[PDB]
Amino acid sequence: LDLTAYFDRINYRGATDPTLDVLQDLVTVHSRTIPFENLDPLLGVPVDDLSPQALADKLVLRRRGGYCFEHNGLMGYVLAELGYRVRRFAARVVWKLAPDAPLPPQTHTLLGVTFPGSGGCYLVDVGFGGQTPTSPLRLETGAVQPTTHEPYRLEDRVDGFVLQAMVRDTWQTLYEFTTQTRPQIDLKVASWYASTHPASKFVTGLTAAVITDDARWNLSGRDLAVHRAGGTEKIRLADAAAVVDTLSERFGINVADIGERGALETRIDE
């Protein structure tokens, strides 16, 4: 909608040319300021409008976060408005196995971005949550790829690729995808399932995350976590008031946009 407002939300000061380094800087500052959160789907408020207006009004004006379709929706509109070429991809999240588990639904979405003189297409994903990649990744298999955090890698699979992160001296598989361009309608169908089906983790529990220079912050219900170089510091928070303070104070979420903060704790206790 209005870049000025998106730039002053995430406080972006830099070039606006469709270059690689602008792509890297936008990703870092985006990740840093707009959290992952599923507070809408949790409280019975689906996500099925993925238009620039809708996504700008929530993540920018209202100072809220959002999940993958909202994040990578908003990033996608921003990169297109700047002169990047944006193709939206669908993905199935297989992180943490099991193989005994059925195939996940395609309820993740990321971006494949090109720009002038680009060396090809770059993967961009600011919507995977705490472990989302923090640097654009050249879309090539095998090659180990440095990021501002851990290094990432893509590997071939039958008709697709898989995205891997180096977490604790283990390559860990995050999700699997194809580079088939997905139209808005199909992302709407997926997000509708993600934010309304009663077995979806985004309807059944609280997940938040935000990323900093030296850490990845994750909240899963009342259990906070910060992944740093020296490992992970965990804490189980006391009451509903502790979790609501954590979202406001440490994830930066405008919880007042969800009604009286004293009226939201009640929902969380459940």
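The numbering used is simple: start at 1 and walk along the sequence shown.
**Student:** Comparing 227-235 with 22-30, which stretch shows the greater average C-alpha B-factor in the deposited entry?
**Tutor:** Per the PDB record, 227-235.
**Student:** Going by the average Cα B-factor in the PDB entry, point out whether 81-89 or 137-145 comes out higher.
**Tutor:** The stretch with the larger average C-alpha B-factor is 137-145.
**Student:** Per the entry, which of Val189, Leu74, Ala199, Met166 tops the list for Cα B factor?
**Tutor:** Largest recorded C-alpha B-factor: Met166.
**Student:** From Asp57, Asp245, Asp49, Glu37, which pick has the Cα B-factor that tops the rest in the entry?
**Tutor:** Spelled out: the listed residue with the top C-alpha B-factor is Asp245.
**Student:** Using the B-factors in the PDB entry, rank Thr173's C-alpha atom against the chain and give the third, lowest, middle or highest.
**Tutor:** CA B-factor rank for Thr173: middle third.
**Student:** Should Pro183 be placed in the lowest, middle or highest third of its chain by the C-alpha B factor in the entry?
**Tutor:** Its C-alpha B-factor, which the entry lists for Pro183, ranks in the lowest third among residues of this chain.
**Student:** Would you mind ranking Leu111 by its C-alpha B-factor against the rest of the chain and naming the third, lowest, middle or highest?
**Tutor:** Lowest third, going by the recorded CA B-factors of the chain.
**Student:** Can you tell me which third, lowest, middle or highest, the CA B-factor of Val126 falls into for its chain?
**Tutor:** Middle third of the chain for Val126's C-alpha B-factor.
**Student:** Considering only modelled residues of the same chain, in which third does the CA B-factor of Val203 rank: lowest, middle or highest?
**Tutor:** Within its chain, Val203 is a middle-third residue by C-alpha B-factor, going by the deposited values.
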